[PDB]
Amino acid sequence: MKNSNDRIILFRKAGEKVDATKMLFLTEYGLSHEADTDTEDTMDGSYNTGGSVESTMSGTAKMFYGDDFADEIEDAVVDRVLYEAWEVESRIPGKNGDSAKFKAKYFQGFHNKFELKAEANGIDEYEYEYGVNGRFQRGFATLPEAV
Amino acid sequence: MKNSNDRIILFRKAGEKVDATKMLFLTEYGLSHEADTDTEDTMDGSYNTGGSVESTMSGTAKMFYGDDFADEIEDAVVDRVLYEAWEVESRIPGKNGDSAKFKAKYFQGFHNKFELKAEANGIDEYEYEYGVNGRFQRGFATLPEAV
Amino acid sequence: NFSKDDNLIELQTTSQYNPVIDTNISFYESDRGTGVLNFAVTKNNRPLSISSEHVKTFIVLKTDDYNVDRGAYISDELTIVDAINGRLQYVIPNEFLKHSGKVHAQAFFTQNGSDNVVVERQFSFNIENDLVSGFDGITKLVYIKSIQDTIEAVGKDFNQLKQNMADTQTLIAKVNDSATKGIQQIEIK
Amino acid sequence: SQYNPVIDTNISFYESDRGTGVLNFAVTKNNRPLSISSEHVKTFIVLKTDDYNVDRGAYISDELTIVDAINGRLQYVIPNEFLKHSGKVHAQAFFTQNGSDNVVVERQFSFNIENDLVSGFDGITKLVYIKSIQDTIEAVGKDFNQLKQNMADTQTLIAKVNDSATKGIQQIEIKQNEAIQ
Amino acid sequence: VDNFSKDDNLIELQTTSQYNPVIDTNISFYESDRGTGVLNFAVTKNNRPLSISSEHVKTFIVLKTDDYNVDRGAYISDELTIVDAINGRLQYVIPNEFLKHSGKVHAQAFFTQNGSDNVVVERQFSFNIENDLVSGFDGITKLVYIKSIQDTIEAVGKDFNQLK
Amino acid sequence: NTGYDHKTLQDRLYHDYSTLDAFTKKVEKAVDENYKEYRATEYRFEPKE
Amino acid sequence: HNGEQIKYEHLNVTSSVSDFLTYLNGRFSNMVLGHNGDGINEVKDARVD
Amino acid sequence: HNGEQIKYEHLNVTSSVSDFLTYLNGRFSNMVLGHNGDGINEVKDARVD
């Protein structure tokens with residue numbers, strides 16, 4: 001029942017505490033959690049190994065003139081700086097004193113890939129893959145500029 | 001002759017005995033049993049090895065506001081908690097005293113993967129892969145709230 | 001034994017919208033005195049004990065084609081067996097079979113002294129037609145076997161009280177005969 | 001704390017029947033006098049005098065008389081032999097429409113009938129609806145169970161009178177079994 | 001209250017100012033019980049039970065059928081018959097009347113301050129009650145059978161008084 | 001009999017029967033104990049002491 | 001432990017747990033499937049020793 | 001001990017005391033009783049020993 005465009009997605013570098021921003025012109029966004037469980041056989045039975053889970057998210061968006069954020073991303077993938085991101089679902093506020101902040105998932109990791117693309121007579125689109133680097137925390141977060 | 005939407009699919013954590021729920025807005029659901037049999041050759045003949053069978057099921061569904069279950073799933077894949085699921089075919093009741101409960105398959109395992117996906121001007125869809133962890137039992141099970 | 005005592009249906013005495021259920025029980029028309037319904041009552045999840053002393057249980061039964069000019073309906077008592085386990089059985093009557101098709105049922109209990117009652121499921125039921133037929137019991141039958149048996153038992157109780165009051169005059173003769181036979185048995189051995 | 005049972009059916013008792021015990025009831029269906037017929041509906045009335053022990057019980061039960069159906073009135077002429085009991089006669093009327101609805105409206109009331117005719121047509125009158133098959137047994141169930149328990153009391157008195165000599169039989173058999181020793 | 005009623009419903013009436021829209025309770029009574037309809041309300045402030053005593057707040061519950069009208073319907077307000085003043089356990093016995101009025105029925109709670117006009121009200125709910133083959137099925141045979149038992153009692157009473 | 005109101009006659013009958021049974025049982029236990037002690041002190045064929 | 005061993009001490013009353021549990025079960029069974037009636041006559045007849 | 005470490009055998013019915021207590025509590029919370037009279041149930045309860 002949630003229209004995808006309700007999902008809002010923010011990033012920022014850990015070092016820049018003050019800095020804040022949002023990703024714009026998403027077309028397709030996809031999160032993923034991949035459990036590595038390969039059971040190794042046993043004579044008396046079988047055991048299901050509990051392996052790490054490399055969660056990652058891939059999003060594609062457009063690239064316009066009044067923004068350079070995507071350039072910061074294609075910088076980070078190379079410089080391999082840390083970032084942290086916020087997958088906040090709007091229209092879902094707090095419960096007691098957190099109404100201004102809506103539910104979200106917070107996770108800190110690196111951008112594992114940047115790939116943009118051009119097409120004669122068309123707007124260029126940049127895709128990015130971000131590795132979450134561990135457990136993703138839950139709670140609520142506040143948007144900037146009321147949008 | 002069975003319309004797919006007749007297949008009802010429930011999950012719950014083993015620890016939470018009381019808890020009960022159902023998966024909603026399925027689009028495509030698929031079960032699978034994969035037999036690993038690789039015969040190694042023999043001079044006098046050939047023998048067909050009997051290997052383990054890693055059965056798993058993959059389902060895609062939609063994600064709306066009055067539910068967080070899918071969030072519990074994307075939590076389990078990471079936290080690697082156990083779950084147990086029920087593939088109950090409705091319109092198939094018991095035989096003697098089990099009419100209220102319809103035929104079903106019960107199996108306990110982990111959620112091996114969660115991957116959701118967004119698309120501008122469209123409802124976000126989440127897919128999940130669940131490993132069954134062993135033999136799947138048969139019998140009948142009762143639905144909640146008559147639906 | 002030869003009888004259709006294999007079926008069994010559970011009645012959940014709980015207030016959680018227990019809907020109607022097609023028990024999938026299909027007796028036949030030419031079946032007399034051998035059609036039996038095994039009920040098992042359950043309070044919340046485990047069996048509800050019962051007894052003919054404290055409570056009294058009955059069941060209502062109604063065909064689906066019930067009209068004023070043609071139909072079928074009854075309400076009659078049960079036959080508790082293994083009460084502690086909350087189990088009992090009902091012998092299908094003979095006149096009701098003549099009416100075929102779908103059927104709705106119900107089982108309601110009345111707790112003595114208070115007359116406060118309980119209603120469990122309002123479940124469904126089937127009855128089929130066979131080739132041994134031709135006689136048509138189109139006449140709708142509606143008899144409250146509960147109160148009918150009540151009045152019959154009151155009449156029989158009055159009659160038995162009369163017979164006992166008549167026998168009250170024979171008790172002295174019984175005493176005398178018993179004493180004489182005892183004295184005779186003593187004098188014998 | 002009001003009530004409004006959705007059958008819109010009532011059976012009222014005319015206070016203007018103070019003379020000769022001509023019980024003139026009226027029917028109201030959806031705030032309307034319901035036209036009745038001998039086959040369309042059915043009626044019944046029961047009357048029991050004040051709490052006579054057992055001896056003088058004006059326990060009568062009879063149907064109604066259709067005085068005016070289109071107007072909705074039902075007359076009942078009181079038997080002369082009945083009104084001789086000047087005790088307060090409790091009364092239970094029952095009307096039934098048989099209109100594909102299981103409504104059996106019951107009216108419990110009383111008055112102060114005199115040996116000459118109905119007097120003091122007072123008393124807090126109540127009404128109920130038999131909309132379930134358990135109170136058909138409980139409608140007249142009070143006096144029914146009363147007489148049942150009276151019969152049971154007589155039965156247990158007879159049983160005690162019989163045990164008075166059954167105990168003698170026991171004493172006889174035991175004394176003889178002891179003597180033969 | 002006895003060990004014969006339904007009493008298989010635990011309603012969580014939480015005194016939360018945040019939001020409590022409505023409960024479409026999954027519950028039925030079948031319209032023919034008429035002697036035992038029990039509602040076991042719980043009470044909580046945020047996530048813990050309340051401690052309400054008789055000297056403290058008095059209780060009230062209001063019941064109202066779906067289609068209430070001065071000419072048709074039902075509406076009353078009565079007490080709760082507190083069970084446990086510690087865990088907030090309130091067993092309310094439904095009256096003998098409403099169970100005759102088939103259909104849906106909305107309800108609500110109400111808590112009065114013992115010694116002051118301050119009150120509290122809890123979340124709504126709706127415990128539907130269905131029809132039953134017991135409360136229908138005929139409109140003559142019941143009168144015929146009550147008449148028959150009346151005749152039988154009136155008759156056997158004569159012989160009974162005679163032999164007594 | 002010991003002056004204590006119960007909830008039901010069943011509970012009262014139980015308590016009184018159990019008291020009487022315990023009393024009679026203590027009595028026969030003391031009887032058997034004294035008899036065994038006397039048999040010991042008479043016969044007393046324990047070399048270990 | 002066997003159930004006969006462990007002691008259940010009420011007021012001034014001593015008994016095992018197995019015996020007590022069997023007594024509880026017998027009470028339940030009697031109250032359920034035990035025929036009843038003429039209680040007043042039963043008491044007035046029990047008055048005799 | 002936590003109950004389950006105890007045996008309870010009667011009439012060739014072996015089981016644990018902690019399970020039998022739950023069974024009795026269940027049978028008690030499912031027991032049904034009627035107002036047969038002014039003491040009928042009471043005497044019926046007293047009928048056991």
# chains A, B, ... in the order shown; residues from 1 in each chain; ligands from 1
>>> calpha_fit_rmsd(fixed="chain G", moving="chain H")
7.5 Å
>>> residues_around(residues="residue 16 (chain F)", least_positions_apart="2", cutoff="12 Å", atoms="only C-alpha atoms", output="PyMOL selection string")
(chain F and resi 1-4+6+9-14+18-23) or (chain G and resi 11-14) or (chain H and resi 49)
>>> closest_residue(among="E:1, E:27, E:57, E:133", to="chain B", atoms="only C-alpha atoms")
E:27
>>> residues_around(residues="region 18-28 of chain H", least_positions_apart="5", cutoff="12 Å", atoms="only C-alpha atoms", output="ChimeraX atom specification")
/C:42-50,83-86 /E:2-4 /G:3,17-18,20-29,31-32 /H:1-10,13,33
>>> write_last_selection(atoms="N, CA and C atoms", output="CSV table (one decimal), in the first residue's frame")
chain,number,residue,atom,x,y,z
C,42,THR,N,-15.5,-28.9,24.0
C,42,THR,CA,-14.2,-28.4,24.5
C,42,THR,C,-14.4,-27.0,25.0
C,43,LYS,N,-14.0,-26.7,26.2
C,43,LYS,CA,-14.2,-25.4,26.8
C,43,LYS,C,-13.4,-24.3,26.0
C,44,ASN,N,-12.1,-24.3,26.2
C,44,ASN,CA,-11.2,-23.4,25.5
C,44,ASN,C,-10.3,-24.1,24.5
C,45,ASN,N,-9.6,-25.1,25.0
C,45,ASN,CA,-8.8,-26.0,24.2
C,45,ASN,C,-8.8,-27.5,24.6
C,46,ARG,N,-9.2,-27.8,25.8
C,46,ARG,CA,-9.3,-29.1,26.4
C,46,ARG,C,-10.8,-29.4,26.7
C,47,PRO,N,-11.1,-30.7,26.9
C,47,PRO,CA,-12.5,-31.1,26.9
C,47,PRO,C,-13.2,-30.6,28.1
C,48,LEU,N,-14.5,-30.2,27.9
C,48,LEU,CA,-15.4,-29.7,28.9
C,48,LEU,C,-16.1,-30.9,29.5
C,49,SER,N,-15.9,-31.1,30.8
C,49,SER,CA,-16.7,-32.2,31.4
C,49,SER,C,-18.2,-31.8,31.5
C,50,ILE,N,-19.0,-32.8,31.6
C,50,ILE,CA,-20.5,-32.7,31.5
C,50,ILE,C,-21.1,-33.7,32.4
C,83,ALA,N,-18.6,-38.8,30.1
C,83,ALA,CA,-18.9,-37.4,30.4
C,83,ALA,C,-17.6,-36.6,30.8
C,84,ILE,N,-16.9,-37.1,31.7
C,84,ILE,CA,-15.7,-36.4,32.2
C,84,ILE,C,-14.8,-36.0,31.0
C,85,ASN,N,-14.7,-36.8,30.0
C,85,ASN,CA,-14.0,-36.4,28.8
C,85,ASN,C,-14.7,-35.4,27.9
C,86,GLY,N,-15.9,-35.0,28.3
C,86,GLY,CA,-16.7,-34.1,27.5
C,86,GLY,C,-17.1,-34.7,26.1
E,2,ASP,N,-19.4,-18.1,36.7
E,2,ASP,CA,-19.3,-19.5,37.0
E,2,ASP,C,-18.3,-20.1,36.0
E,3,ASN,N,-18.1,-21.4,36.2
E,3,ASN,CA,-17.3,-22.2,35.3
E,3,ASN,C,-18.1,-22.9,34.2
E,4,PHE,N,-19.0,-22.1,33.7
E,4,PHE,CA,-19.9,-22.6,32.6
E,4,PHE,C,-20.0,-21.6,31.4
G,3,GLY,N,5.5,-40.6,44.8
G,3,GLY,CA,4.6,-39.6,45.3
G,3,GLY,C,4.0,-39.9,46.6
G,17,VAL,N,1.1,-36.6,49.1
G,17,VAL,CA,0.6,-35.9,47.9
G,17,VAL,C,-0.2,-36.9,47.0
G,18,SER,N,0.3,-38.1,46.9
G,18,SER,CA,-0.4,-39.1,46.0
G,18,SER,C,-1.8,-39.3,46.5
G,20,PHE,N,-3.6,-37.4,48.5
G,20,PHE,CA,-4.3,-36.1,48.3
G,20,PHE,C,-4.8,-35.9,46.9
G,21,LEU,N,-3.9,-36.2,45.9
G,21,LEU,CA,-4.3,-36.0,44.5
G,21,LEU,C,-5.4,-37.0,44.1
G,22,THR,N,-5.2,-38.2,44.6
G,22,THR,CA,-6.3,-39.2,44.3
G,22,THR,C,-7.6,-38.8,44.9
G,23,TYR,N,-7.5,-38.2,46.1
G,23,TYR,CA,-8.8,-37.7,46.7
G,23,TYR,C,-9.4,-36.5,46.0
G,24,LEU,N,-8.6,-35.6,45.5
G,24,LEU,CA,-9.1,-34.5,44.6
G,24,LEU,C,-9.7,-35.1,43.4
G,25,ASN,N,-9.1,-36.1,42.7
G,25,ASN,CA,-9.6,-36.7,41.5
G,25,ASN,C,-10.9,-37.4,41.8
G,26,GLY,N,-11.0,-38.1,42.9
G,26,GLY,CA,-12.2,-38.8,43.3
G,26,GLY,C,-13.3,-37.8,43.6
G,27,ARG,N,-13.0,-36.6,44.2
G,27,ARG,CA,-14.0,-35.6,44.4
G,27,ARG,C,-14.5,-35.1,43.1
G,28,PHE,N,-13.7,-34.8,42.1
G,28,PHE,CA,-14.1,-34.3,40.8
G,28,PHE,C,-15.0,-35.3,40.2
G,29,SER,N,-14.5,-36.6,40.2
G,29,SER,CA,-15.3,-37.7,39.5
G,29,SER,C,-16.7,-37.8,40.1
G,31,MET,N,-18.4,-35.5,41.9
G,31,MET,CA,-19.2,-34.3,41.6
G,31,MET,C,-19.7,-34.3,40.2
G,32,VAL,N,-19.0,-34.9,39.3
G,32,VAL,CA,-19.4,-34.9,37.9
G,32,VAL,C,-20.4,-36.1,37.6
H,1,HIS,N,13.3,-30.0,44.5
H,1,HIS,CA,12.9,-30.6,43.3
H,1,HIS,C,11.8,-29.7,42.6
H,2,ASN,N,11.7,-29.8,41.3
H,2,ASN,CA,10.8,-28.9,40.5
H,2,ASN,C,9.5,-29.7,40.1
H,3,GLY,N,9.0,-30.6,40.9
H,3,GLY,CA,7.8,-31.4,40.6
H,3,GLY,C,8.0,-32.5,39.7
H,4,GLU,N,8.5,-32.2,38.5
H,4,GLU,CA,8.7,-33.2,37.4
H,4,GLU,C,9.6,-34.3,37.9
H,5,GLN,N,10.4,-34.2,38.9
H,5,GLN,CA,11.3,-35.2,39.4
H,5,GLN,C,10.5,-36.2,40.4
H,6,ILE,N,9.2,-36.2,40.4
H,6,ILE,CA,8.4,-37.0,41.3
H,6,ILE,C,7.5,-37.9,40.5
H,7,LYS,N,7.4,-39.1,41.0
H,7,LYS,CA,6.5,-40.1,40.4
H,7,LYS,C,5.1,-40.0,41.1
H,8,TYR,N,4.1,-40.4,40.3
H,8,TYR,CA,2.8,-40.5,40.8
H,8,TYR,C,2.1,-41.6,40.1
H,9,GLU,N,1.8,-42.8,40.7
H,9,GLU,CA,1.2,-44.0,40.1
H,9,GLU,C,0.0,-44.3,40.9
H,10,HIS,N,-1.1,-44.6,40.2
H,10,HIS,CA,-2.3,-45.0,40.8
H,10,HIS,C,-3.2,-45.7,39.8
H,13,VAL,N,-1.7,-45.9,36.4
H,13,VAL,CA,-1.6,-44.6,35.8
H,13,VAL,C,-0.4,-43.9,36.3
H,33,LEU,N,-21.3,-27.3,37.1
H,33,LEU,CA,-22.1,-27.6,38.2
H,33,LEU,C,-23.5,-26.8,38.2
>>> atom_distance(atom1="CA of residue 106 (chain C)", atom2="CA of residue 122 (chain C)")
4.5 Å
>>> select_by_dssp(residues="chain E", states="helix (DSSP H, G or I)", output="ChimeraX atom specification")
/E:98-100,133-135,141-163
>>> closest_atom_pairs(of="chain H", to="chain F", cutoff="10 Å", atoms="only C-alpha atoms", output="CSV")
residue,atom,partner,partner_atom,distance
H:42,CA,F:8,CA,7.2
H:43,CA,F:9,CA,7.9
H:44,CA,F:10,CA,9.2
H:45,CA,F:10,CA,6.3
H:46,CA,F:10,CA,4.4
H:47,CA,F:10,CA,7.9
H:48,CA,F:10,CA,8.0
H:49,CA,F:14,CA,7.2
>>> closest_residue(among="A:102, A:97, A:108, A:44", to="chain E", atoms="only C-alpha atoms")
A:97
>>> interface_residues(of="chain C", to="chain B", cutoff="12 Å", atoms="only C-alpha atoms", output="list in words")
residues 5, 6, 7, 8, 9, 10, 11, 12, 16, 17, 18, 19, 20, 21, 22, 23, 24, 25, 37, 38, 39, 40, 41, 121, 123 and 124 of chain C
>>> residues_around(residues="residue 161 (chain E)", least_positions_apart="4", cutoff="9 Å", atoms="only C-alpha atoms", output="list in words")
residues 54 and 55 of chain D; 156 and 157 of chain E
>>> interface_residues(of="chain C", to="chain E", cutoff="10 Å", atoms="only C-alpha atoms", output="compact mmCIF listing (two decimals) with N, CA and C atoms, in the first residue's frame")
# COMPACT_ATOMS: atom_id res chain seq x y z
N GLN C 12 -16.51 -26.17 20.14
CA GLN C 12 -15.69 -25.26 20.92
C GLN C 12 -16.60 -24.30 21.68
N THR C 13 -16.68 -24.48 22.99
CA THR C 13 -17.49 -23.61 23.85
C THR C 13 -16.68 -22.36 24.19
N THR C 14 -16.43 -21.56 23.16
CA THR C 14 -15.65 -20.34 23.29
C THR C 14 -16.29 -19.24 22.47
N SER C 15 -16.11 -18.00 22.93
CA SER C 15 -16.69 -16.83 22.28
C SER C 15 -15.61 -16.15 21.44
N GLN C 16 -15.34 -16.74 20.27
CA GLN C 16 -14.33 -16.21 19.36
C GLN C 16 -14.78 -16.32 17.91
N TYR C 17 -16.08 -16.21 17.65
CA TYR C 17 -16.63 -16.31 16.30
C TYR C 17 -16.24 -17.64 15.66
N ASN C 18 -16.67 -18.72 16.29
CA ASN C 18 -16.51 -20.04 15.70
C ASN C 18 -17.55 -20.20 14.59
N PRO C 19 -17.15 -20.11 13.33
CA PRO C 19 -18.14 -20.07 12.25
C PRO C 19 -18.72 -21.44 11.95
N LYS C 43 -13.96 -26.67 26.18
CA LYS C 43 -14.20 -25.35 26.77
C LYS C 43 -13.40 -24.28 26.04
N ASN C 44 -12.08 -24.31 26.19
CA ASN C 44 -11.20 -23.39 25.49
C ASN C 44 -10.26 -24.12 24.54
N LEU C 48 -14.48 -30.16 27.89
CA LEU C 48 -15.36 -29.68 28.94
C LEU C 48 -16.13 -30.86 29.51
N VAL C 55 -26.22 -30.32 34.50
CA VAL C 55 -26.75 -29.69 33.31
C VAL C 55 -27.59 -30.70 32.54
N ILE C 59 -30.06 -30.80 21.41
CA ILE C 59 -29.62 -30.36 20.09
C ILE C 59 -30.83 -30.03 19.25
N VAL C 60 -30.72 -28.96 18.50
CA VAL C 60 -31.70 -28.54 17.51
C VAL C 60 -31.19 -28.93 16.13
N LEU C 61 -32.12 -29.27 15.25
CA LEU C 61 -31.79 -29.76 13.92
C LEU C 61 -32.82 -29.21 12.95
N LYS C 62 -32.36 -28.75 11.78
CA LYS C 62 -33.25 -28.10 10.83
C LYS C 62 -32.73 -28.32 9.41
N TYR C 66 -36.52 -25.85 4.84
CA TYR C 66 -37.58 -25.67 5.82
C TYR C 66 -38.55 -24.58 5.40
N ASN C 67 -39.78 -24.97 5.07
CA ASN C 67 -40.87 -24.05 4.79
C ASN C 67 -42.05 -24.39 5.69
N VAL C 68 -43.11 -23.59 5.58
CA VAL C 68 -44.32 -23.87 6.34
C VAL C 68 -45.09 -25.02 5.71
N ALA C 72 -38.52 -29.53 7.74
CA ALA C 72 -38.17 -30.46 8.81
C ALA C 72 -37.43 -29.70 9.90
N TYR C 73 -37.69 -30.07 11.15
CA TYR C 73 -37.03 -29.45 12.29
C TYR C 73 -37.37 -30.24 13.54
N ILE C 74 -36.40 -30.36 14.44
CA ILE C 74 -36.59 -31.06 15.71
C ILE C 74 -35.65 -30.48 16.75
N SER C 75 -35.89 -30.84 18.00
CA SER C 75 -35.00 -30.50 19.11
C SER C 75 -35.14 -31.59 20.16
N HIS C 104 -28.71 -28.01 8.96
CA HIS C 104 -28.00 -27.26 9.97
C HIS C 104 -28.36 -27.83 11.33
N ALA C 105 -27.39 -27.80 12.23
CA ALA C 105 -27.55 -28.37 13.55
C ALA C 105 -27.11 -27.36 14.59
N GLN C 106 -27.32 -27.72 15.85
CA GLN C 106 -26.89 -26.90 16.96
C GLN C 106 -27.03 -27.71 18.23
N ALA C 107 -26.18 -27.43 19.20
CA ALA C 107 -26.20 -28.11 20.49
C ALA C 107 -26.17 -27.06 21.58
N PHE C 108 -27.19 -27.05 22.42
CA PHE C 108 -27.30 -26.07 23.50
C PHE C 108 -27.52 -26.78 24.82
N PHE C 109 -26.85 -26.27 25.85
CA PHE C 109 -26.91 -26.83 27.19
C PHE C 109 -27.65 -25.88 28.11
N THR C 110 -28.33 -26.44 29.12
CA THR C 110 -29.03 -25.65 30.12
C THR C 110 -28.58 -26.12 31.49
N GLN C 111 -28.04 -25.20 32.28
CA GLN C 111 -27.57 -25.51 33.63
C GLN C 111 -28.73 -25.44 34.60
N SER C 114 -30.58 -22.50 37.38
CA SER C 114 -30.49 -21.16 36.83
C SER C 114 -31.10 -21.01 35.45
N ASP C 115 -31.22 -22.10 34.70
CA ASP C 115 -31.74 -22.10 33.34
C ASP C 115 -30.90 -21.24 32.39
N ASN C 116 -29.73 -20.79 32.82
CA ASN C 116 -28.80 -20.10 31.94
C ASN C 116 -28.16 -21.11 31.00
N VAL C 117 -28.21 -20.83 29.70
CA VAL C 117 -27.85 -21.83 28.70
C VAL C 117 -26.60 -21.42 27.94
N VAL C 118 -26.16 -22.31 27.05
CA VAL C 118 -24.94 -22.13 26.28
C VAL C 118 -25.17 -22.71 24.89
N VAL C 119 -24.67 -22.02 23.87
CA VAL C 119 -24.79 -22.42 22.48
C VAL C 119 -23.40 -22.41 21.85
N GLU C 120 -23.07 -23.47 21.12
CA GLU C 120 -21.68 -23.76 20.79
C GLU C 120 -21.28 -23.37 19.36
N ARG C 121 -21.87 -23.99 18.34
CA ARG C 121 -21.28 -23.84 17.01
C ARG C 121 -22.26 -23.47 15.91
N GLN C 122 -23.46 -24.05 15.90
CA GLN C 122 -24.36 -23.95 14.75
C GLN C 122 -23.71 -24.54 13.50
N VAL C 142 -42.35 -30.91 13.32
CA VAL C 142 -41.74 -30.05 14.32
C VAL C 142 -42.26 -30.52 15.67
N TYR C 143 -41.42 -31.21 16.43
CA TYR C 143 -41.79 -31.67 17.75
C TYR C 143 -40.63 -31.43 18.70
N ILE C 144 -40.93 -30.77 19.82
CA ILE C 144 -39.92 -30.48 20.84
C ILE C 144 -39.84 -31.73 21.72
N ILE C 147 -39.52 -31.18 25.77
CA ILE C 147 -40.69 -30.97 26.62
C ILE C 147 -41.68 -32.13 26.48
N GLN C 148 -41.73 -32.76 25.31
CA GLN C 148 -42.59 -33.93 25.14
C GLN C 148 -42.17 -35.04 26.09
N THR C 150 -40.47 -34.56 28.70
CA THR C 150 -40.71 -34.02 30.03
C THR C 150 -42.10 -34.38 30.53
N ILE C 151 -43.12 -34.10 29.71
CA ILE C 151 -44.49 -34.38 30.13
C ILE C 151 -44.72 -35.88 30.24
N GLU C 152 -44.15 -36.66 29.33
CA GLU C 152 -44.31 -38.11 29.41
C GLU C 152 -43.68 -38.65 30.68
N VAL C 154 -43.23 -36.96 33.48
CA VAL C 154 -44.05 -36.54 34.61
C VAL C 154 -45.25 -37.47 34.77
N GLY C 155 -45.89 -37.82 33.66
CA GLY C 155 -46.99 -38.77 33.73
C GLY C 155 -46.56 -40.12 34.26
N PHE C 158 -45.97 -39.88 37.99
CA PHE C 158 -47.23 -39.94 38.72
C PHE C 158 -47.75 -41.38 38.79
N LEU C 161 -45.64 -43.37 41.18
CA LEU C 161 -45.98 -42.99 42.54
C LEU C 161 -47.28 -43.66 42.97
N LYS C 162 -48.25 -43.74 42.07
CA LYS C 162 -49.50 -44.43 42.38
C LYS C 162 -49.25 -45.90 42.67
N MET C 165 -47.58 -46.22 46.07
CA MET C 165 -48.55 -46.02 47.14
C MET C 165 -49.47 -47.22 47.28
>>> residues_around(residues="residue 61 (chain E)", least_positions_apart="6", cutoff="8 Å", atoms="only C-alpha atoms", output="ChimeraX atom specification")
/E:77-80,107-110
>>> write_last_selection(atoms="N, CA, C and O atoms", output="compact mmCIF listing (two decimals), in the first residue's frame")
# COMPACT_ATOMS: atom_id res chain seq x y z
N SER E 77 -26.35 1.31 30.55
CA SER E 77 -25.08 1.56 31.22
C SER E 77 -25.16 0.96 32.61
O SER E 77 -26.00 1.38 33.42
N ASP E 78 -24.30 -0.01 32.89
CA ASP E 78 -24.35 -0.75 34.15
C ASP E 78 -22.93 -0.90 34.69
O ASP E 78 -22.00 -0.24 34.23
N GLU E 79 -22.77 -1.75 35.71
CA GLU E 79 -21.50 -1.89 36.40
C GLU E 79 -20.66 -2.99 35.75
O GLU E 79 -21.06 -3.64 34.79
N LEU E 80 -19.46 -3.21 36.31
CA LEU E 80 -18.49 -4.14 35.74
C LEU E 80 -18.22 -5.37 36.59
O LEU E 80 -17.71 -6.36 36.06
N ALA E 107 -19.91 -1.07 22.28
CA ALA E 107 -19.76 -0.97 23.72
C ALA E 107 -18.67 0.03 24.04
O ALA E 107 -17.92 0.48 23.17
N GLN E 108 -18.59 0.38 25.32
CA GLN E 108 -17.55 1.28 25.79
C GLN E 108 -17.47 1.18 27.30
O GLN E 108 -18.43 0.77 27.96
N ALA E 109 -16.32 1.55 27.84
CA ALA E 109 -16.10 1.56 29.27
C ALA E 109 -16.22 2.98 29.81
O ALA E 109 -16.42 3.94 29.06
N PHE E 110 -16.11 3.10 31.12
CA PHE E 110 -16.29 4.38 31.79
C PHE E 110 -15.81 4.23 33.23
O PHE E 110 -16.19 3.28 33.91
>>> select_by_dssp(residues="region 6-44 of chain E", states="strand (DSSP E)", output="ChimeraX atom specification")
/E:10-14,38-44
>>> residues_around(residues="residue 24 (chain E)", least_positions_apart="2", cutoff="7 Å", atoms="only C-alpha atoms", output="compact mmCIF listing (two decimals) with N, CA and C atoms, in the first residue's frame")
# COMPACT_ATOMS: atom_id res chain seq x y z
N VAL E 22 -10.68 1.86 17.36
CA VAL E 22 -11.79 0.94 17.57
C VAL E 22 -11.25 -0.48 17.54
N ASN E 26 -13.18 -10.10 17.60
CA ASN E 26 -13.56 -11.38 17.02
C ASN E 26 -14.20 -12.20 18.13
N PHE E 125 -15.36 -1.09 21.27
CA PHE E 125 -15.23 -2.42 20.68
C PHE E 125 -16.61 -2.84 20.21
N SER E 126 -16.65 -3.96 19.49
CA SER E 126 -17.89 -4.42 18.86
C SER E 126 -17.89 -5.94 18.91
>>> residues_around(residues="residue 132 (chain D)", least_positions_apart="2", cutoff="7 Å", atoms="only C-alpha atoms", output="PyMOL selection string")
(chain D and resi 130+134-135) or (chain E and resi 32+134-136)
